[PDB]
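Trainee: Below you'll find entry-v2.csv; it's CSV, C-alpha atoms and all ligand atoms.
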chain,number,residue,atom,x,y,z
A,1,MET,CA,0.4,-3.0,27.8
A,2,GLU,CA,-0.7,0.4,26.5
A,3,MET,CA,1.1,1.7,23.5
A,4,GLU,CA,2.9,4.9,24.5
A,5,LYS,CA,4.4,3.4,27.6
A,6,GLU,CA,5.3,0.1,26.0
A,7,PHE,CA,7.0,2.4,23.5
A,8,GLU,CA,9.2,4.2,26.0
A,9,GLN,CA,9.9,0.8,27.7
A,10,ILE,CA,11.3,-0.6,24.4
A,11,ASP,CA,13.3,2.6,23.8
A,12,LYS,CA,14.9,2.6,27.3
A,13,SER,CA,15.6,-1.1,27.0
A,14,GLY,CA,16.8,-0.9,23.4
A,15,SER,CA,14.9,-4.1,22.4
A,16,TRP,CA,13.3,-3.2,19.1
A,17,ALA,CA,15.2,-5.8,17.2
A,18,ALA,CA,14.0,-8.5,19.6
A,19,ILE,CA,10.4,-7.4,19.4
A,20,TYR,CA,10.6,-7.4,15.6
A,21,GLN,CA,12.2,-10.8,15.4
A,22,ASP,CA,9.4,-12.2,17.6
A,23,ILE,CA,6.8,-10.9,15.1
A,24,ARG,CA,8.8,-12.6,12.3
A,25,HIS,CA,8.8,-15.9,14.1
A,26,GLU,CA,5.1,-15.9,14.9
A,27,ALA,CA,4.0,-14.7,11.4
A,28,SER,CA,1.8,-16.9,9.2
A,29,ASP,CA,3.2,-19.2,6.5
A,30,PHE,CA,0.8,-20.0,3.7
A,31,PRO,CA,1.5,-21.4,0.2
A,32,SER,CA,2.3,-19.1,-2.8
A,33,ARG,CA,2.4,-21.7,-5.5
A,34,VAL,CA,0.9,-19.6,-8.4
A,35,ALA,CA,3.6,-16.9,-7.8
A,36,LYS,CA,6.4,-19.5,-8.3
A,37,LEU,CA,5.2,-21.0,-11.6
A,38,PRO,CA,7.9,-20.5,-14.3
A,39,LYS,CA,5.5,-18.6,-16.6
A,40,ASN,CA,5.2,-15.9,-13.9
A,41,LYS,CA,8.9,-15.2,-13.3
A,42,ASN,CA,8.9,-11.8,-15.1
A,43,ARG,CA,5.7,-10.8,-13.2
A,44,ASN,CA,7.6,-10.7,-9.9
A,45,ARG,CA,10.1,-8.0,-8.9
A,46,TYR,CA,11.7,-9.9,-6.0
A,47,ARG,CA,12.0,-13.6,-5.7
A,48,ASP,CA,11.4,-13.6,-2.0
A,49,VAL,CA,8.2,-11.4,-2.0
A,50,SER,CA,5.1,-13.3,-3.2
A,51,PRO,CA,1.3,-13.2,-2.6
A,52,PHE,CA,-0.3,-16.1,-0.8
A,53,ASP,CA,-2.6,-18.2,-3.0
A,54,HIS,CA,-5.6,-17.7,-0.6
A,55,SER,CA,-5.6,-13.9,-0.7
A,56,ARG,CA,-4.1,-13.0,-4.1
A,57,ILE,CA,-5.9,-10.7,-6.5
A,58,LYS,CA,-6.9,-12.5,-9.7
A,59,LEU,CA,-7.0,-10.8,-13.1
A,60,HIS,CA,-10.2,-11.4,-15.1
A,61,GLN,CA,-8.4,-13.2,-17.9
A,62,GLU,CA,-8.3,-16.8,-18.9
A,63,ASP,CA,-4.8,-17.0,-20.2
A,64,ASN,CA,-2.9,-15.8,-17.1
A,65,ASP,CA,-4.7,-14.4,-14.1
A,66,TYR,CA,-1.5,-13.6,-12.0
A,67,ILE,CA,-0.4,-10.3,-10.5
A,68,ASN,CA,1.8,-9.8,-7.5
A,69,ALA,CA,-1.0,-8.3,-5.3
A,70,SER,CA,-2.8,-9.3,-2.1
A,71,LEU,CA,-6.3,-8.4,-0.6
A,72,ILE,CA,-5.8,-7.4,3.1
A,73,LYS,CA,-9.4,-7.6,4.6
A,74,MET,CA,-9.7,-6.2,8.2
A,75,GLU,CA,-12.9,-7.5,9.7
A,76,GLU,CA,-13.3,-5.5,12.9
A,77,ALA,CA,-12.1,-2.2,11.4
A,78,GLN,CA,-14.2,-2.7,8.3
A,79,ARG,CA,-11.4,-1.7,5.9
A,80,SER,CA,-9.9,-3.5,3.0
A,81,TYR,CA,-6.6,-2.7,1.1
A,82,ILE,CA,-4.9,-4.1,-1.9
A,83,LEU,CA,-1.1,-4.2,-1.4
A,84,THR,CA,1.1,-4.7,-4.5
A,85,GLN,CA,4.6,-4.3,-5.8
A,86,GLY,CA,5.7,-1.3,-7.9
A,87,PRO,CA,4.7,-2.2,-11.5
A,88,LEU,CA,7.3,-3.7,-13.9
A,89,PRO,CA,7.8,-2.8,-17.5
A,90,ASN,CA,5.8,-6.0,-18.4
A,91,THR,CA,3.0,-5.5,-15.8
A,92,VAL,CA,1.9,-1.9,-16.2
A,93,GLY,CA,-1.1,-3.0,-18.2
A,94,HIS,CA,-2.0,-5.7,-15.6
A,95,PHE,CA,-1.8,-3.1,-12.8
A,96,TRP,CA,-4.4,-0.8,-14.5
A,97,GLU,CA,-6.6,-3.9,-15.3
A,98,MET,CA,-6.6,-4.6,-11.6
A,99,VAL,CA,-7.6,-1.1,-10.7
A,100,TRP,CA,-10.5,-1.2,-13.2
A,101,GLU,CA,-11.7,-4.7,-12.2
A,102,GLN,CA,-11.6,-4.1,-8.5
A,103,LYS,CA,-13.4,-0.7,-8.7
A,104,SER,CA,-10.7,1.2,-6.8
A,105,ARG,CA,-11.0,4.9,-6.6
A,106,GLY,CA,-7.4,5.7,-5.3
A,107,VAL,CA,-3.8,4.5,-5.8
A,108,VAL,CA,-1.3,5.3,-3.0
A,109,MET,CA,2.4,5.4,-4.1
A,110,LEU,CA,5.1,5.6,-1.3
A,111,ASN,CA,8.3,5.5,-3.4
A,112,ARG,CA,10.0,7.5,-6.1
A,113,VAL,CA,10.6,6.0,-9.6
A,114,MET,CA,14.4,6.2,-9.0
A,115,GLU,CA,15.9,5.8,-5.5
A,116,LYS,CA,19.5,5.0,-4.5
A,117,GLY,CA,20.4,5.4,-8.3
A,118,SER,CA,18.3,2.4,-9.4
A,119,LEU,CA,14.8,2.0,-10.8
A,120,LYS,CA,12.2,1.0,-8.1
A,121,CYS,CA,9.2,0.9,-10.4
A,122,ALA,CA,8.1,1.7,-14.0
A,123,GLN,CA,6.8,5.2,-15.0
A,124,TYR,CA,3.3,3.9,-15.1
A,125,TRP,CA,1.2,7.1,-15.4
A,126,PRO,CA,1.4,10.0,-17.9
A,127,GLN,CA,3.3,13.2,-17.0
A,128,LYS,CA,1.7,15.6,-19.4
A,129,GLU,CA,-2.0,16.1,-20.2
A,130,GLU,CA,-1.5,16.0,-24.0
A,131,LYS,CA,0.6,12.7,-23.9
A,132,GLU,CA,-1.8,10.0,-22.8
A,133,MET,CA,-0.9,6.3,-22.4
A,134,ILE,CA,-2.5,3.3,-24.1
A,135,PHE,CA,-2.0,-0.2,-22.7
A,136,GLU,CA,-2.6,-2.5,-25.7
A,137,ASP,CA,-2.3,-5.8,-23.9
A,138,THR,CA,-5.3,-4.9,-21.6
A,139,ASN,CA,-7.1,-2.4,-23.8
A,140,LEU,CA,-7.1,0.6,-21.4
A,141,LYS,CA,-6.3,4.3,-21.9
A,142,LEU,CA,-5.0,6.6,-19.2
A,143,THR,CA,-5.0,10.4,-19.2
A,144,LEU,CA,-3.5,13.0,-16.8
A,145,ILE,CA,-6.3,15.5,-15.9
A,146,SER,CA,-4.6,17.7,-13.3
A,147,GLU,CA,-1.7,17.6,-10.9
A,148,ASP,CA,-1.2,19.4,-7.5
A,149,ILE,CA,2.4,19.4,-6.2
A,150,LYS,CA,2.9,20.0,-2.5
A,151,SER,CA,6.0,20.0,-0.4
A,152,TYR,CA,5.7,16.4,0.9
A,153,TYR,CA,3.3,14.8,-1.6
A,154,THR,CA,1.6,15.2,-5.0
A,155,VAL,CA,-2.0,14.4,-5.9
A,156,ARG,CA,-3.0,13.7,-9.5
A,157,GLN,CA,-6.4,13.3,-11.1
A,158,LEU,CA,-6.4,10.6,-13.8
A,159,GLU,CA,-9.0,9.3,-16.3
A,160,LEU,CA,-9.1,5.6,-16.9
A,161,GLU,CA,-11.0,4.4,-20.0
A,162,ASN,CA,-12.0,0.8,-20.8
A,163,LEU,CA,-11.6,0.9,-24.6
A,164,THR,CA,-13.7,-2.2,-25.0
A,165,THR,CA,-16.8,-0.6,-23.5
A,166,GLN,CA,-15.9,3.2,-23.7
A,167,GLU,CA,-16.7,3.5,-20.0
A,168,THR,CA,-14.6,6.0,-18.1
A,169,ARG,CA,-13.7,6.5,-14.4
A,170,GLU,CA,-11.8,9.1,-12.3
A,171,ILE,CA,-8.9,7.7,-10.3
A,172,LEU,CA,-7.0,9.7,-7.7
A,173,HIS,CA,-3.1,9.2,-7.5
A,174,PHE,CA,-1.7,10.0,-4.0
A,175,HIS,CA,2.1,10.2,-4.3
A,176,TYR,CA,4.2,10.5,-1.1
A,177,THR,CA,7.4,11.9,-2.5
A,178,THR,CA,9.7,12.5,0.5
A,179,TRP,CA,10.3,9.1,2.3
A,180,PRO,CA,14.2,9.1,2.6
A,181,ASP,CA,16.4,6.8,0.5
A,182,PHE,CA,17.7,5.2,3.8
A,183,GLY,CA,15.9,4.7,7.1
A,184,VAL,CA,12.5,6.2,8.1
A,185,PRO,CA,11.3,9.8,8.6
A,186,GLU,CA,12.4,11.6,11.8
A,187,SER,CA,8.8,12.8,12.5
A,188,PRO,CA,5.5,11.1,11.5
A,189,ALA,CA,3.8,14.4,11.0
A,190,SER,CA,4.0,14.6,7.2
A,191,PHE,CA,3.1,10.9,6.8
A,192,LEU,CA,0.0,11.3,9.0
A,193,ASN,CA,-1.0,14.5,7.1
A,194,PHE,CA,-0.8,12.5,3.9
A,195,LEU,CA,-2.9,9.6,5.3
A,196,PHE,CA,-5.6,12.1,6.3
A,197,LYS,CA,-5.6,13.5,2.7
A,198,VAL,CA,-6.2,10.0,1.3
A,199,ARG,CA,-9.0,9.5,3.8
A,200,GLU,CA,-10.7,12.8,3.0
A,201,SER,CA,-10.8,11.9,-0.7
A,202,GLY,CA,-13.2,8.9,-0.2
A,203,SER,CA,-10.6,6.5,-1.5
A,204,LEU,CA,-10.6,4.3,1.7
A,205,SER,CA,-14.4,4.3,2.1
A,206,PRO,CA,-16.8,1.4,1.6
A,207,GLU,CA,-18.7,2.9,-1.4
A,208,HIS,CA,-15.6,2.1,-3.5
A,209,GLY,CA,-13.4,-0.9,-4.2
A,210,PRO,CA,-10.2,-1.3,-2.0
A,211,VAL,CA,-7.5,1.3,-2.3
A,212,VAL,CA,-4.4,0.1,-4.2
A,213,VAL,CA,-1.2,0.8,-2.2
A,214,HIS,CA,2.4,0.2,-3.3
A,215,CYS,CA,6.1,0.9,-2.8
A,216,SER,CA,8.9,-1.1,-4.4
A,217,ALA,CA,8.1,-4.5,-3.0
A,218,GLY,CA,4.7,-3.6,-1.5
A,219,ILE,CA,5.4,-4.8,2.1
A,220,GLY,CA,7.5,-2.2,3.9
A,221,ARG,CA,6.3,1.4,3.6
A,222,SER,CA,3.0,-0.1,2.3
A,223,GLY,CA,2.6,-2.1,5.5
A,224,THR,CA,3.3,1.0,7.6
A,225,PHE,CA,0.5,2.9,5.8
A,226,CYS,CA,-2.3,0.3,6.3
A,227,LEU,CA,-1.1,-0.6,9.8
A,228,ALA,CA,-1.3,3.0,11.0
A,229,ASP,CA,-4.7,3.6,9.3
A,230,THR,CA,-6.3,0.4,10.8
A,231,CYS,CA,-5.0,1.0,14.3
A,232,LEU,CA,-6.3,4.6,14.4
A,233,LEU,CA,-9.7,3.5,13.1
A,234,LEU,CA,-9.9,0.8,15.8
A,235,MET,CA,-9.1,3.4,18.5
A,236,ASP,CA,-12.1,5.5,17.3
A,237,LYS,CA,-14.5,2.5,17.3
A,238,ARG,CA,-13.7,0.8,20.6
A,239,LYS,CA,-14.9,1.8,24.1
A,240,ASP,CA,-11.3,1.4,25.4
A,241,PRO,CA,-8.8,2.8,22.9
A,242,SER,CA,-5.8,1.6,25.0
A,243,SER,CA,-6.9,-2.0,24.2
A,244,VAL,CA,-5.6,-1.6,20.6
A,245,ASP,CA,-2.5,-3.9,20.3
A,246,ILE,CA,-0.4,-2.8,17.3
A,247,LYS,CA,1.6,-6.1,17.3
A,248,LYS,CA,-1.6,-8.1,17.2
A,249,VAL,CA,-3.0,-6.0,14.3
A,250,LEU,CA,0.2,-6.5,12.4
A,251,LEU,CA,0.1,-10.3,12.8
A,252,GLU,CA,-3.5,-10.3,11.6
A,253,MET,CA,-2.4,-8.3,8.5
A,254,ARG,CA,0.4,-10.8,7.9
A,255,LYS,CA,-2.2,-13.6,7.5
A,256,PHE,CA,-2.9,-11.9,4.1
A,257,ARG,CA,0.6,-10.8,2.8
A,258,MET,CA,4.0,-11.9,3.9
A,259,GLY,CA,6.7,-9.6,5.3
A,260,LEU,CA,4.7,-6.5,6.2
A,261,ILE,CA,7.0,-4.1,8.0
A,262,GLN,CA,10.6,-4.9,6.8
A,263,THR,CA,12.8,-3.5,9.6
A,264,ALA,CA,12.7,-2.8,13.3
A,265,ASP,CA,13.0,0.9,12.4
A,266,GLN,CA,9.8,0.7,10.4
A,267,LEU,CA,8.1,-1.0,13.4
A,268,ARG,CA,9.2,1.8,15.7
A,269,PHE,CA,8.0,4.4,13.2
A,270,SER,CA,4.6,2.7,13.0
A,271,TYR,CA,4.2,3.0,16.8
A,272,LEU,CA,5.3,6.6,16.6
A,273,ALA,CA,2.7,7.4,13.9
A,274,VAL,CA,-0.2,5.8,15.8
A,275,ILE,CA,0.7,7.5,19.1
A,276,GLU,CA,0.9,11.0,17.6
A,277,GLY,CA,-2.1,10.4,15.4
A,278,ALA,CA,-4.3,9.5,18.3
A,279,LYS,CA,-3.7,12.9,19.9
A,280,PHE,CA,-4.7,14.8,16.8
A,281,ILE,CA,-7.9,12.8,16.2
A,282,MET,CA,-9.4,14.3,19.4
A,301,LIG,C1,-12.5,-13.4,-19.3
A,301,LIG,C2,-12.0,-14.5,-18.6
A,301,LIG,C3,-12.2,-14.3,-17.1
A,301,LIG,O1,-11.3,-14.7,-16.3
A,301,LIG,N1,-13.4,-13.6,-16.7
A,301,LIG,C4,-13.7,-13.4,-15.3
A,301,LIG,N2,-14.8,-12.7,-14.9
A,301,LIG,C5,-14.8,-12.6,-13.6
A,301,LIG,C6,-15.8,-11.9,-12.8
A,301,LIG,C7,-13.8,-13.3,-12.9
A,301,LIG,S1,-12.8,-14.0,-14.0
A,302,LIG,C1,-5.9,17.5,-8.0
A,302,LIG,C2,-6.7,16.3,-7.8
A,302,LIG,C3,-7.2,16.3,-6.4
A,302,LIG,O1,-6.6,16.7,-5.4
A,302,LIG,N1,-8.5,15.7,-6.2
A,302,LIG,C4,-9.2,15.6,-4.9
A,302,LIG,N2,-10.5,15.2,-4.8
A,302,LIG,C5,-10.8,15.2,-3.6
A,302,LIG,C6,-12.3,14.9,-3.3
A,302,LIG,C7,-9.8,15.4,-2.7
A,302,LIG,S1,-8.3,15.8,-3.4
A,303,LIG,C1,16.4,-0.5,15.8
A,303,LIG,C2,15.5,0.8,15.7
A,303,LIG,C3,15.8,1.7,16.8
A,303,LIG,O1,16.4,1.3,17.8
A,303,LIG,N1,15.5,3.0,16.7
A,303,LIG,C4,15.7,4.0,17.7
A,303,LIG,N2,15.6,5.3,17.6
A,303,LIG,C5,15.8,5.9,18.7
A,303,LIG,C6,15.8,7.4,18.8
A,303,LIG,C7,16.0,5.1,19.8
A,303,LIG,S1,15.9,3.5,19.4
Rewrite the structure of this file - the entire thing - as structure tokens.
Ligand SMILES: CCC(=O)Nc1nc(C)cs1
Ligand SMILES: CCC(=O)Nc1nc(C)cs1
Ligand SMILES: CCC(=O)Nc1nc(C)cs1

Mentor:
Amino acid sequence: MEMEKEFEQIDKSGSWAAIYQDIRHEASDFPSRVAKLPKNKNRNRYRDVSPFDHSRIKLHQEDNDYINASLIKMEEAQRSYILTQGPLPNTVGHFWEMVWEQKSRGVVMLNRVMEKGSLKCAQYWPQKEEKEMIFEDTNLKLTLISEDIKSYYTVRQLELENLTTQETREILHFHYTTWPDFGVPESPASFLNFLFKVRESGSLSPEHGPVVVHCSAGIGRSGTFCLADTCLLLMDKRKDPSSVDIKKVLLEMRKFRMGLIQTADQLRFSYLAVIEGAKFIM
């Protein structure tokens, strides 16, 4: 079926939970043996969210190459994304090592450091120009260059230096700051505006490594971001845009990381975002 009318048909019939459970039942199951090794317990935020072995990002290190991060490679859309958990106190250096080694331009953050009164990720970037951060375990230096605070999101320019080689690179930090503590946003307008700002920066384009996107677990809000982006790109590429099937695209993405889209409300919000976004594109 088309999307917008499939949408009203699920709303009128109140069957979002049943649609979402079907997706959960059909989703791929691949091994995640490296994630479950005992030496990696303090590298995982949640025991039930792990990268598959076949698609995990490897750190260029011989001691321990593990990080909770997955490469989502979308063949028809010609887009790739790295989806990862919010960094932990003992993985902030690994996180920036990955950004460096994978040649990413942008980092997309969809959570606040504290939500619901608890810490959802480490404070992994510097908040003042004159107070830079050094990660001694991976030999990187990170400096805040500029910050632009808007009503729904903040964009930061960061400098990442590889202290071994003295090479430097500019990284863009796109921080969506207004996702509610509970539920999903009422309108997708600010989320779409944010997606378009990431696109306009070059951070999603083939001349760079894959964008790094995270929330707390790296599957819920993060899944919503890449699912909406890929569906809108396919609608621009194909002769028949009504042939884009959001459930099929989501199941393809779940071949590369488990659990993408965590609730039926997140599924409905993803439909809403793609529907509204397709009208603005034209
Ligand atoms: C330094 C040890 C190590 O894992 N080096 C690697 N280089 C590449 C390119 C992959 S792993
Ligand atoms: C303030 C940092 C910032 O917004 N940098 C951007 N560069 C481009 C190219 C778009 S936004
Ligand atoms: C389970 C998610 C869900 O049913 N959301 C809905 N929101 C409206 C407005 C109708 S159904």

Trainee: With only C-alpha atoms and all ligand atoms counted and 10 Å as the cut-off, give the residues of chain A in contact with ligand LIG 303 (chain A), each with its shortest interatomic distance in Å and the pair that gives it, as CSV.

Mentor:
residue,atom,partner,partner_atom,distance
A:7,CA,A:LIG303,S1,9.9
A:8,CA,A:LIG303,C7,9.2
A:10,CA,A:LIG303,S1,7.9
A:11,CA,A:LIG303,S1,5.2
A:12,CA,A:LIG303,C7,8.0
A:13,CA,A:LIG303,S1,8.9
A:14,CA,A:LIG303,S1,6.0
A:15,CA,A:LIG303,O1,7.3
A:16,CA,A:LIG303,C1,5.3
A:17,CA,A:LIG303,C1,5.6
A:18,CA,A:LIG303,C1,9.2
A:19,CA,A:LIG303,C1,9.8
A:20,CA,A:LIG303,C1,9.0
A:183,CA,A:LIG303,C2,9.5
A:184,CA,A:LIG303,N1,9.7
A:186,CA,A:LIG303,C6,8.8
A:263,CA,A:LIG303,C1,7.8
A:264,CA,A:LIG303,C1,5.0
A:265,CA,A:LIG303,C2,4.1
A:266,CA,A:LIG303,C2,7.8
A:267,CA,A:LIG303,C2,8.0
A:268,CA,A:LIG303,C2,6.4
A:269,CA,A:LIG303,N1,8.4

Trainee: Please check which protein, DNA or RNA residues sit within 7 Å of ligand LIG 302 (chain A), counting all atoms listed in the file, and write them as an MDAnalysis selection string.

Mentor: chainID A and resid 146:148 155:157 172 200:202

Trainee: Give me, as a PyMOL selection string, all polymer residues having an atom no more than 10 Å from residue A:101, counting all atoms listed in the file and skipping those fewer than 5 positions away in the same chain.

Mentor: chain A and resi 58-60+96+209

Trainee: What is the atom CA of residue A:130-atom CA of residue A:100 distance in Å, reported with one decimal?

Mentor: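 Going from atom CA of residue A:130 over to atom CA of residue A:100, I get 22.2 Å.
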
Trainee: Rank A:53, A:76, A:48, A:97 by their smallest atom-to-atom distance to ligand LIG 301 (chain A), using all atoms listed in the file, and report the top residue only.

Mentor: A:97

Trainee: Using all atoms listed in the file, which residue out of A:21, A:154, A:270, A:61 lies closest to residue A:175?

Mentor: A:154
